$ cat input_33.txt   # compact mmCIF, C-alpha atoms
# COMPACT_ATOMS: atom_id res chain seq x y z
CA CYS A 376 198.03 -13.88 -137.04
CA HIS A 377 197.77 -15.15 -133.45
CA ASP A 378 193.97 -15.47 -133.53
CA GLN A 379 194.16 -17.60 -136.67
CA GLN A 380 196.79 -19.91 -135.17
CA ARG A 381 194.72 -20.36 -132.00
CA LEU A 382 191.62 -21.16 -134.05
CA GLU A 383 193.67 -23.72 -135.96
CA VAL A 384 194.85 -25.34 -132.72
CA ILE A 385 191.40 -25.39 -131.09
CA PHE A 386 189.58 -26.69 -134.18
CA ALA A 387 192.15 -29.42 -134.81
CA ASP A 388 192.09 -30.61 -131.19
CA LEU A 389 188.30 -30.73 -130.95
CA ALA A 390 188.01 -32.48 -134.33
CA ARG A 391 190.61 -35.05 -133.28
CA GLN A 397 185.98 -46.20 -132.72
CA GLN A 398 186.17 -42.66 -134.12
CA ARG A 399 185.23 -40.82 -130.92
CA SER A 400 186.36 -37.25 -130.30
CA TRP A 401 189.68 -36.75 -128.50
CA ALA A 402 187.95 -34.07 -126.41
CA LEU A 403 185.61 -36.66 -124.86
CA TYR A 404 188.47 -38.37 -123.03
CA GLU A 405 189.90 -35.09 -121.75
CA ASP A 406 189.06 -33.43 -118.44
CA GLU A 407 186.02 -31.15 -118.57
CA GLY A 408 188.10 -28.18 -117.42
CA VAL A 409 190.48 -28.62 -120.35
CA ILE A 410 187.75 -28.53 -123.00
CA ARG A 411 186.01 -25.68 -121.17
CA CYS A 412 189.16 -23.55 -121.57
CA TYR A 413 189.23 -24.43 -125.28
CA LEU A 414 185.59 -23.47 -125.74
CA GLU A 415 185.93 -20.27 -123.69
CA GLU A 416 188.85 -19.23 -125.89
CA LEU A 417 186.95 -20.21 -129.04
CA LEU A 418 183.96 -18.10 -128.01
CA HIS A 419 186.28 -15.21 -127.22
CA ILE A 420 188.00 -15.29 -130.61
CA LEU A 421 184.78 -15.69 -132.60
CA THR A 422 183.42 -12.65 -130.76
CA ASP A 423 186.37 -10.25 -130.46
CA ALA A 424 188.84 -11.19 -133.20
CA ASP A 425 188.69 -10.07 -136.84
CA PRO A 426 185.49 -11.46 -138.46
CA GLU A 427 187.27 -12.15 -141.76
CA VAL A 428 189.84 -14.33 -140.01
CA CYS A 429 187.09 -16.22 -138.18
CA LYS A 430 185.00 -16.59 -141.34
CA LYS A 431 188.02 -17.89 -143.25
CA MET A 432 188.72 -20.61 -140.68
CA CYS A 433 185.04 -21.56 -140.38
CA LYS A 434 184.48 -21.80 -144.14
CA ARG A 435 187.77 -23.61 -144.92
CA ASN A 436 187.47 -26.98 -146.68
CA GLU A 437 183.69 -26.88 -147.16
CA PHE A 438 182.95 -25.68 -143.61
CA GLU A 439 185.00 -28.56 -142.18
CA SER A 440 185.58 -27.02 -138.73
CA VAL A 441 181.92 -26.00 -138.43
CA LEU A 442 180.59 -29.47 -139.24
CA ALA A 443 183.23 -31.06 -137.01
CA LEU A 444 182.01 -28.92 -134.11
CA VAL A 445 178.48 -30.15 -134.81
CA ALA A 446 179.66 -33.77 -134.81
CA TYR A 447 181.40 -33.17 -131.49
CA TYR A 448 178.21 -31.70 -130.00
CA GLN A 449 176.35 -34.92 -130.82
CA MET A 450 178.88 -36.95 -128.82
CA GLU A 451 179.48 -34.57 -125.91
CA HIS A 452 177.48 -35.61 -122.84
CA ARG A 453 178.62 -32.90 -120.43
CA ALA A 454 175.99 -30.15 -120.25
CA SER A 455 178.42 -27.35 -119.34
CA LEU A 456 180.43 -27.94 -122.51
CA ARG A 457 177.28 -28.18 -124.65
CA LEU A 458 176.26 -24.79 -123.27
CA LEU A 459 179.55 -23.22 -124.36
CA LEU A 460 179.28 -24.93 -127.76
CA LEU A 461 175.83 -23.39 -128.22
CA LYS A 462 177.30 -19.95 -127.54
CA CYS A 463 180.04 -20.63 -130.09
CA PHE A 464 177.40 -21.68 -132.65
CA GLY A 465 175.65 -18.41 -131.85
CA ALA A 466 178.82 -16.43 -132.51
CA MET A 467 179.25 -18.31 -135.79
CA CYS A 468 175.73 -17.42 -136.92
CA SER A 469 176.55 -13.78 -136.23
CA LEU A 470 179.53 -14.03 -138.59
CA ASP A 471 178.03 -15.11 -141.91
CA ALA A 472 174.75 -16.28 -143.44
CA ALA A 473 176.58 -19.11 -145.23
CA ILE A 474 177.61 -20.50 -141.84
CA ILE A 475 173.93 -20.33 -140.89
CA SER A 476 173.05 -22.14 -144.12
CA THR A 477 175.58 -24.84 -143.26
CA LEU A 478 174.27 -25.21 -139.70
CA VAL A 479 170.58 -25.40 -140.58
CA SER A 480 171.38 -27.95 -143.31
CA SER A 481 173.42 -29.98 -140.82
CA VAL A 482 172.12 -32.44 -138.23
CA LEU A 483 172.44 -29.69 -135.58
CA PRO A 484 168.79 -28.53 -135.63
CA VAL A 485 167.65 -32.14 -135.18
CA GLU A 486 170.08 -32.61 -132.29
CA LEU A 487 168.84 -29.49 -130.49
CA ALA A 488 165.17 -30.34 -130.98
CA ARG A 489 165.65 -33.83 -129.55
CA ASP A 490 167.75 -32.56 -126.64
CA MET A 491 165.03 -30.05 -125.76
CA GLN A 492 162.42 -32.82 -125.59
CA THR A 493 164.66 -35.30 -123.77
CA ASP A 494 166.61 -33.15 -121.31
CA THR A 495 163.82 -30.68 -120.50
CA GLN A 496 164.83 -30.49 -116.82
CA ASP A 497 167.94 -28.47 -117.73
CA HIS A 498 166.35 -25.02 -118.02
CA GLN A 499 169.47 -23.05 -118.96
CA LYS A 500 170.51 -25.42 -121.75
CA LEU A 501 166.87 -25.53 -122.83
CA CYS A 502 166.80 -21.74 -123.27
CA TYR A 503 170.05 -21.58 -125.23
CA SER A 504 168.91 -24.49 -127.40
CA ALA A 505 165.72 -22.60 -128.26
CA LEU A 506 167.82 -19.50 -128.97
CA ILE A 507 170.29 -21.20 -131.31
CA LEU A 508 167.42 -22.96 -133.08
CA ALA A 509 165.73 -19.61 -133.68
CA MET A 510 169.06 -18.27 -134.95
CA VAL A 511 169.73 -21.00 -137.52
CA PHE A 512 166.18 -20.76 -138.88
CA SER A 513 166.19 -16.96 -138.91
CA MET A 514 167.13 -16.66 -142.60
CA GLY A 515 164.03 -18.51 -143.78
CA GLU A 516 165.83 -20.92 -146.08
CA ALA A 517 164.65 -24.44 -146.95
CA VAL A 518 165.86 -27.44 -144.93
CA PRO A 519 166.42 -31.15 -145.67
CA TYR A 520 163.12 -33.06 -145.69
CA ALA A 521 164.42 -35.46 -143.04
CA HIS A 522 164.50 -32.57 -140.55
CA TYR A 523 160.70 -32.62 -140.29
CA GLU A 524 160.97 -35.97 -138.49
CA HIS A 525 162.03 -34.11 -135.34
CA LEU A 526 161.28 -30.50 -136.27
CA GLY A 527 157.70 -31.15 -137.38
CA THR A 528 154.18 -30.98 -135.96
CA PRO A 529 154.92 -32.93 -132.75
CA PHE A 530 157.87 -30.62 -132.02
CA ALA A 531 155.65 -27.60 -132.66
CA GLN A 532 153.08 -29.03 -130.24
CA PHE A 533 155.89 -29.49 -127.72
CA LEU A 534 156.74 -25.80 -128.08
CA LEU A 535 153.09 -24.72 -127.83
CA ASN A 536 152.69 -26.69 -124.60
CA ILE A 537 155.55 -24.76 -123.03
CA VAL A 538 154.13 -21.40 -124.13
CA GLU A 539 150.77 -22.26 -122.53
CA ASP A 540 151.76 -24.26 -119.45
CA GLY A 541 155.48 -23.77 -118.84
CA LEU A 542 157.89 -25.79 -116.71
CA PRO A 543 157.85 -26.29 -112.91
CA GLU A 548 159.67 -16.66 -117.30
CA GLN A 549 161.95 -16.34 -120.34
CA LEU A 550 161.35 -19.75 -121.92
CA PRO A 551 157.81 -19.08 -123.24
CA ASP A 552 159.01 -16.08 -125.27
CA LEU A 553 161.94 -18.09 -126.62
CA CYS A 554 159.54 -20.80 -127.77
CA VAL A 555 157.35 -18.18 -129.44
CA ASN A 556 160.37 -16.84 -131.32
CA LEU A 557 161.33 -20.36 -132.38
CA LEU A 558 157.86 -21.07 -133.75
CA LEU A 559 158.09 -17.83 -135.74
CA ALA A 560 161.58 -18.68 -136.97
CA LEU A 561 160.68 -22.26 -137.96
CA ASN A 562 157.69 -20.99 -139.92
CA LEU A 563 159.70 -18.50 -142.00
CA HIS A 564 160.90 -20.95 -144.66
CA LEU A 565 157.60 -22.79 -145.07
CA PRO A 566 156.16 -21.43 -148.35
CA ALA A 567 152.83 -23.26 -148.05
CA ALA A 568 150.19 -22.74 -145.36
CA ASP A 569 148.48 -25.95 -146.48
CA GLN A 570 151.73 -27.93 -146.25
CA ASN A 571 152.77 -26.29 -143.00
CA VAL A 572 153.82 -28.43 -140.03
CA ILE A 573 153.39 -25.49 -137.64
CA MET A 574 149.91 -24.57 -138.89
CA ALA A 575 149.00 -28.25 -138.58
CA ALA A 576 149.93 -28.12 -134.90
CA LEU A 577 147.78 -25.01 -134.40
CA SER A 578 144.84 -26.69 -136.14
CA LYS A 579 144.94 -29.32 -133.38
CA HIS A 580 143.86 -26.45 -131.10
CA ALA A 581 146.06 -27.69 -128.27
CA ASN A 582 147.30 -24.96 -125.92
CA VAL A 583 147.07 -21.96 -128.27
CA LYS A 584 145.54 -19.44 -125.83
CA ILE A 585 148.64 -17.70 -124.45
CA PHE A 586 150.38 -18.11 -127.81
CA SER A 587 147.71 -16.10 -129.63
CA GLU A 588 147.87 -13.35 -127.01
CA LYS A 589 151.64 -13.15 -127.42
CA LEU A 590 151.26 -12.85 -131.20
CA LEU A 591 148.96 -9.86 -130.67
CA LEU A 592 151.45 -8.15 -128.35
CA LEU A 593 154.23 -8.61 -130.91
CA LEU A 594 152.15 -7.21 -133.77
CA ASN A 595 151.13 -4.30 -131.54
CA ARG A 596 154.74 -3.23 -130.93
CA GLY A 597 155.67 -4.11 -134.51
CA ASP A 598 159.00 -5.73 -133.65
CA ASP A 599 160.42 -8.84 -135.32
CA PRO A 600 162.02 -11.00 -132.59
CA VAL A 601 163.38 -13.42 -135.22
CA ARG A 602 165.44 -10.82 -137.09
CA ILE A 603 168.55 -10.78 -134.89
CA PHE A 604 171.33 -10.54 -137.46
CA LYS A 605 171.96 -8.08 -140.30
CA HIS A 606 172.58 -10.72 -142.98
CA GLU A 607 171.21 -10.53 -146.52
CA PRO A 608 168.85 -11.42 -147.93
CA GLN A 609 166.57 -10.18 -145.16
CA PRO A 610 163.55 -12.52 -144.87
CA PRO A 611 159.97 -11.20 -144.54
CA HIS A 612 158.61 -9.99 -141.19
CA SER A 613 158.20 -13.26 -139.28
CA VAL A 614 155.16 -12.09 -137.31
CA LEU A 615 153.31 -10.81 -140.39
CA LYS A 616 154.26 -13.94 -142.32
CA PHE A 617 153.08 -16.13 -139.45
CA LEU A 618 149.71 -14.39 -139.13
CA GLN A 619 149.20 -14.58 -142.90
CA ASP A 620 149.70 -18.34 -142.66
CA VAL A 621 147.29 -18.50 -139.70
CA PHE A 622 144.56 -16.86 -141.78
CA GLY A 623 145.33 -19.03 -144.79
CA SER A 624 142.79 -21.47 -143.39
CA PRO A 625 139.68 -21.19 -141.17
CA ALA A 626 140.99 -24.18 -139.19
CA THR A 627 143.97 -22.16 -137.95
CA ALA A 628 142.19 -18.80 -137.91
CA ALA A 629 140.02 -20.18 -135.11
CA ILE A 630 142.84 -19.80 -132.58
CA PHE A 631 141.59 -16.24 -132.07
CA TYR A 632 138.43 -15.46 -130.11
CA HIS A 633 136.19 -12.66 -131.37
CA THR A 634 137.64 -10.04 -129.03
CA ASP A 635 141.15 -11.10 -130.05
CA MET A 636 140.09 -10.75 -133.70
CA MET A 637 138.85 -7.21 -133.04
CA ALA A 638 142.14 -6.32 -131.37
CA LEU A 639 144.01 -7.82 -134.32
CA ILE A 640 141.85 -5.86 -136.76
CA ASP A 641 142.43 -2.66 -134.75
CA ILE A 642 146.20 -3.15 -134.95
CA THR A 643 146.27 -4.06 -138.64
CA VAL A 644 144.06 -1.16 -139.79
CA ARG A 645 146.08 1.29 -137.70
CA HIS A 646 149.35 0.08 -139.23
CA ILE A 647 148.04 0.25 -142.80
CA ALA A 648 147.03 3.84 -142.12
CA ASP A 649 150.07 5.01 -140.16
CA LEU A 650 152.71 3.53 -142.45
CA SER A 651 154.13 5.91 -145.05
CA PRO A 652 153.71 5.30 -148.80
CA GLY A 653 156.75 3.36 -150.02
CA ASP A 654 157.16 1.33 -146.84
CA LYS A 655 157.66 -2.36 -147.69
CA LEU A 656 155.68 -3.40 -144.60
CA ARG A 657 152.38 -1.95 -145.81
CA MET A 658 151.78 -4.72 -148.34
CA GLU A 659 152.30 -7.25 -145.54
CA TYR A 660 149.51 -5.76 -143.45
CA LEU A 661 147.25 -5.40 -146.50
CA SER A 662 147.83 -9.06 -147.33
CA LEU A 663 147.09 -9.93 -143.71
CA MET A 664 143.79 -8.01 -143.74
CA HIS A 665 142.80 -9.68 -147.02
CA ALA A 666 143.38 -13.12 -145.50
CA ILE A 667 141.28 -12.17 -142.47
CA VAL A 668 138.30 -11.26 -144.64
CA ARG A 669 138.73 -14.55 -146.50
CA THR A 670 138.88 -16.96 -143.56
CA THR A 671 136.81 -15.15 -140.93
CA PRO A 672 133.20 -13.91 -140.92
CA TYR A 673 134.54 -10.34 -140.97
CA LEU A 674 131.72 -9.06 -143.19
CA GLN A 675 129.16 -10.18 -140.60
CA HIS A 676 130.54 -8.01 -137.78
CA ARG A 677 132.45 -5.49 -139.90
CA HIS A 678 134.71 -4.20 -137.12
CA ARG A 679 136.50 -1.02 -138.27
CA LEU A 680 134.98 -1.47 -141.75
CA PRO A 681 134.40 2.27 -142.37
CA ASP A 682 138.01 3.01 -141.41
CA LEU A 683 139.20 0.15 -143.62
CA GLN A 684 137.18 1.40 -146.61
CA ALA A 685 138.56 4.93 -146.25
CA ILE A 686 142.26 4.08 -146.37
CA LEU A 687 141.89 1.44 -149.07
CA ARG A 688 140.46 4.23 -151.24
CA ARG A 689 143.24 6.59 -150.13
CA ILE A 690 145.93 4.10 -151.14
CA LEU A 691 144.32 3.64 -154.56
CA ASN A 692 144.38 7.41 -155.07
CA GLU A 693 148.06 7.80 -154.16
CA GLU A 694 150.29 9.40 -156.79
CA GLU A 695 153.32 7.38 -155.67
CA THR A 696 155.01 5.42 -158.46
CA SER A 697 157.24 3.21 -156.30
CA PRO A 698 157.01 -0.57 -156.99
CA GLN A 699 155.93 -1.09 -153.36
CA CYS A 700 153.06 1.34 -153.86
CA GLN A 701 152.21 -0.33 -157.16
CA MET A 702 152.20 -3.60 -155.23
CA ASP A 703 150.02 -2.00 -152.56
CA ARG A 704 147.40 -0.94 -155.11
CA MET A 705 147.45 -4.37 -156.76
CA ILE A 706 146.60 -6.00 -153.43
CA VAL A 707 143.85 -3.50 -152.61
CA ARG A 708 142.26 -4.03 -156.03
CA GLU A 709 142.36 -7.79 -155.50
CA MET A 710 140.63 -7.31 -152.14
CA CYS A 711 137.87 -5.07 -153.49
CA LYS A 712 137.18 -7.35 -156.46
CA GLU A 713 136.68 -10.44 -154.30
CA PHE A 714 134.81 -8.34 -151.74
CA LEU A 715 132.98 -5.41 -153.36
CA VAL A 716 131.83 -3.89 -150.06
CA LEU A 717 135.48 -3.19 -149.20
CA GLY A 718 135.65 -0.81 -152.15
CA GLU A 719 132.52 1.12 -151.18
CA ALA A 720 132.69 4.56 -149.57

$ encode --input "input_33.txt" --output "structure tokens"
Amino acid sequence: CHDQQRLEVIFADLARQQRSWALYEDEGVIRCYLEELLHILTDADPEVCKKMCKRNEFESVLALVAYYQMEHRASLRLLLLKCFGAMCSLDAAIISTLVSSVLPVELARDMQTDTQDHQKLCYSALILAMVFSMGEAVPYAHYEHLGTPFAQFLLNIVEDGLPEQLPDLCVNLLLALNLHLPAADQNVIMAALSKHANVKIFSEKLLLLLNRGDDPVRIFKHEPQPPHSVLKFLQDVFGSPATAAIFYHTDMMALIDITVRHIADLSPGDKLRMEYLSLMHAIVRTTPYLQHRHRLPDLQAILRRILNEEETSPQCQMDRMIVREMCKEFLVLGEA
């Protein structure tokens, strides 16, 4: 009961011209509030925390966002970011509330305006990746600051960097932002890539991620689990020849090596196999694959193997549907 009462006190004080009461308090006072808030959200009973956060249409959550907009002191913003992170860990509905709020816009603008603050920059990129990690749609007005120019801003950091950890965080954010975009032709991120500005290091990092197979965006355990962000991203990249061109020929071969290996190594029934198959299909469509035919014999062999599988699982049925679509559009893929 103590943790709930403390949450009630902290939330009320911070939510208290309609400027925040916190803004006229000493920095050390608010810091203690935020340290305690972070502690409770992390160590106390999740149900108690979720209850307080969700109360009155996520009133406390949105109030904390409004306070962040007004708070000018970087040390307090840092703590607030950590609290937002703890909140995201609690419940997907809190994430839904945050990503629908002005908060993603605020973070994106702060990243581009206060770039010299490296620590706050990193945590901003982290929280942004967190709130977009569920792959749900966002208000259209968000694309004003979370659109193609913002994506280009992120790409520049990945390639050039600032005068070690930030480039990876920006990669994860690009992957997270792309999750909810259900159209590769209406994609603000793909549009940035098509500009072909600073995509060298980015493409290499994509290859490394696919090689290890990890999904750096999937941090929480919330349902519904979105698709593999790396596979989804690469599928979007090979949705158009304009974006497929970010890979040199040798990079393409490496990508083909990885994809074919995964299709083969994955067990029948694995949900991931249809992702790789869909990726390979897109590669054949938007690259001159059939003119160099890297790993083509190996590709032909396993495509046939998958078709001859006796598995009746819906994933396997989906696998065979994709393979048949590939071989119909490209007959040579079906040959022995």

$ atom_distance --input "input_33.txt" --atom1 "atom CA of residue 659 of chain A" --atom2 "atom CA of residue 700 of chain A"
12.0 Å

$ residues_around --input "input_33.txt" --residues "residue 379 of chain A" --least-positions-apart "2" --cutoff "8 Å" --atoms "only C-alpha atoms" --output "PyMOL selection string"
chain A and resi 376-377+381-383+428-429+432

$ closest_residue --input "input_33.txt" --among "A:493, A:380, A:697, A:671" --to "residue 655 of chain A" --atoms "only C-alpha atoms"
A:697

$ residues_around --input "input_33.txt" --residues "segment 521-527 of chain A" --least-positions-apart "4" --cutoff "9 Å" --atoms "all atoms listed in the file" --output "PyMOL selection string"
chain A and resi 480+482+484-486+488-489+531-532+561+571-573+576

$ closest_atom_pairs --input "input_33.txt" --of "segment 439-559 of chain A" --to "segment 397-415 of chain A" --cutoff "10 Å" --atoms "only C-alpha atoms" --output "tab-separated table"
residue	atom	partner	partner_atom	distance
A:443	CA	A:400	CA	9.7
A:446	CA	A:400	CA	8.8
A:447	CA	A:400	CA	6.5
A:448	CA	A:400	CA	9.9
A:450	CA	A:400	CA	7.6
A:451	CA	A:403	CA	6.6
A:452	CA	A:403	CA	8.4
A:453	CA	A:407	CA	7.8
A:455	CA	A:411	CA	8.0
A:456	CA	A:411	CA	6.2
A:457	CA	A:414	CA	9.6
A:458	CA	A:414	CA	9.7
A:459	CA	A:414	CA	6.2
A:460	CA	A:414	CA	6.8
A:462	CA	A:414	CA	9.2
A:463	CA	A:414	CA	7.6

$ atom_distance --input "input_33.txt" --atom1 "atom CA of residue 469 of chain A" --atom2 "atom CA of residue 612 of chain A"
19.0 Å

$ residues_around --input "input_33.txt" --residues "residue 633 of chain A" --least-positions-apart "4" --cutoff "12 Å" --atoms "all atoms listed in the file" --output "PyMOL selection string"
chain A and resi 628-629+637-640+671-673+675-678
